[PDB]
Structures are given as structure tokens and as C-alpha cells.
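Here is the structure we will look at, set down as C-alpha cells.
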Amino acid sequence: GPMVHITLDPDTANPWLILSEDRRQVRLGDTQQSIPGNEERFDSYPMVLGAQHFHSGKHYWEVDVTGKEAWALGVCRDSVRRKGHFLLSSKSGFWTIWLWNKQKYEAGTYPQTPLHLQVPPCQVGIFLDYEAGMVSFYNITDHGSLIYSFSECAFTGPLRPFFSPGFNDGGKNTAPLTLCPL
Ligand SMILES: CC(=O)c1ccc2c(c1)N(CCCN(C)C)c1ccccc1S2
């Protein structure tokens, strides 16, 4: 079935992130870690990928976001640029939604799409359908209602799970993103 056990890829993790020993959780740090400047590491935002690669098929996983004032989740091409600033956009190889400022939910279309959520999600489900060209986001707290779906994605190559526990703000928002047991 589509449920997949995601683990986080340490080689991609921005130095402002702290990964748990089992690589199932990630949070913002108060200072940057001193770690290699390898080509796969996001250097400008607190972002990290899952280790898993998807070339085809249906895949599903869930993330706990309880109480966080900001986070971003989704899928991206493995080929996305890792160094420098960029637009989180489905024109740039990312299919993502996010929260910031405690109550501003947006989908990473270009331009961005505001999302009106009646129930703030505590857990989010991410469903990837490679052949259908779809990435769908579900509000587990609201009985699995649809938050947003990207369609007509027309994927090539491997895709990766994408995560951010927030941006750097002054040590705020330090609770982790946690991959839920499935
Ligand atoms: C849209 C875009 O390219 C974009 C690029 C990077 C980031 C981002 C938006 N925001 C949303 C804006 C935060 N700014 C205003 C500080 C975000 C949200 C949750 C977690 C991490 C991040 S960092």
C-alpha cells in the first residue's frame, strides 16, 4: 500500500535544524550547527528532505505539526537547487503548503494561494500520486478533509519528501515536526 516509513536525510539538512537520533523528528535550533557544506545541503532556509526517492506510484505519510506557528510540507524534485535563495513554488519544482505567522496558511502555487482552514491541523497527511500528477494535503484533525491538491504536475525523475519546521525568528517556534507512526 501507499503508506511509507519516511526518514530524514541528514545530508540535506540546513545547519539551523536539529534532527532526532532516529531521524523521524526535526526542529529549529537556536544557533547553527558546524557541519559540511556538501552539495545536497539546503544552505539558505531551515529545510530538509526525506531519504526516500519516488520514481512512480502512490505514497502517503503523515506529519504532526501541533502548536507550531510555522512549518512547510510537501514534495519536491530531487533536482531542485540546494544553494541560495529561491521561490517555494510549483513552477520551481516544489509542491508544498505551509503555515506562518500562526494563522496564515498558503499553498505554494505561483502566485501563492491563500488557504482558509476551519480547523487548524495538528496532523497533515501528504498523498503523492506520481502517475496522476497529483500531490494532495489532508487535514487529519478535520476527518481527512482536503487542504489543497496540486494537479497536472507532470513529474520526471525522482521526487523527495520535503520538510521545514519553520524559518529563523529569534529562537521562537522550537517544537518539532514529527513523522507519525503509520
Ligand atoms: C514563498 C517562498 O518562496 C518561501 C520561501 C521560503 C520560506 C517561506 C516562503 N516561508 C513562508 C514565508 C516566511 N517569510 C515571510 C519569513 C516559510 C514557511 C514555513 C516554513 C519555512 C518557510 S521559509
Per GNM of the chain with C-alpha springs under 10 angstrom, the most fluctuating residue out of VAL48, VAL80, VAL119 is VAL119
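Given C-alpha coordinates of the stretch 3-49, what is the ratio Rg to Rh with the Kirkwood estimate of Rh?
Details: Rg = 10.5 Å, Rh = 10.9 Å.
So for the stretch 3-49, dividing Rg by the Kirkwood Rh gives 0.96.
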How about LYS172: which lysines have a C-alpha closer than 22 Å to its C-alpha, ignoring those fewer than 8 places off in the same chain? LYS68, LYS102, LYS104
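So what's the net charge close to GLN32: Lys and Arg +1, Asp and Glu -1, counting the other residues with Cβ under 12 Å from its Cβ? Don't skip to the end; give the middle numbers.
Numbers: positive: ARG41; negative: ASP30, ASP43.
My count for the surroundings of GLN32 gives -1.
Based on the alpha-carbon set only, what is the convex hull volume of the stretch 60-123 divided per residue, in Å³? Show your work: numbers first, answer last.
Working: hull volume 6.7 nm³, N = 64.
Hull volume over Cα atoms, normalised by residue count, gives 104 Å³.
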Relative pair counts by distance (%), Cα atoms of the stretch 96-182, 5 Å bins: 3, 11, 21, 25, 21, 13, 5, 1, 0
Karplus ³J(HN,Hα) for the stretch 86-96 (6.51 cos²θ - 1.76 cosθ + 1.60, θ = phi - 60°; Hz, whole; x = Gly/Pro) runs 6, 8, 6, 8, 6, 8, 10, x, 10, 10, 9
Could you derive backbone 3J(HN,Hα) for the stretch 23-31 from the dihedral phi with the Karplus parameters 6.51, -1.76 and 1.60 (θ = phi - 60°), listing whole Hz in sequence and x where the residue is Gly or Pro? 6, 10, 9, 8, 9, 6, x, 7, 8
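Can you list the equivalent-ellipsoid semi-axes of the chain, largest first and in whole Å, using the square root of 5 times each Cα gyration tensor eigenvalue?
Working: eigenvalues 98, 75, 51 Å².
Output for the chain: semi-axes of 22, 19, 16 Å.
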Whose amide H sits under 5 Å from the amide H of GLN123, counting only residues 5 or more places off or on another chain, with H placed in the peptide plane? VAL65, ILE140, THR141
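What ranking, highest mean first, results for peptides 151-158, 139-146, 24-31, 91-98 when packing means the other Cβ atoms within 10 Å averaged over each residue?
Values: 151-158: 12.2, 139-146: 14.0, 24-31: 17.2, 91-98: 20.8.
Averaged packing, sorted descending, gives the order 91-98, 24-31, 139-146, 151-158.
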Mean Cβ-within-10 Å packing, highest first, puts peptides 122-128, 64-70 in the order 122-128, 64-70
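Computed from the coordinates by the stated procedures, all read-outs in this text should not be read as laboratory data. Positions of Cβ are backbone-derived with ideal geometry, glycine not excepted, and every protein chain shown enters the neighbour counts.
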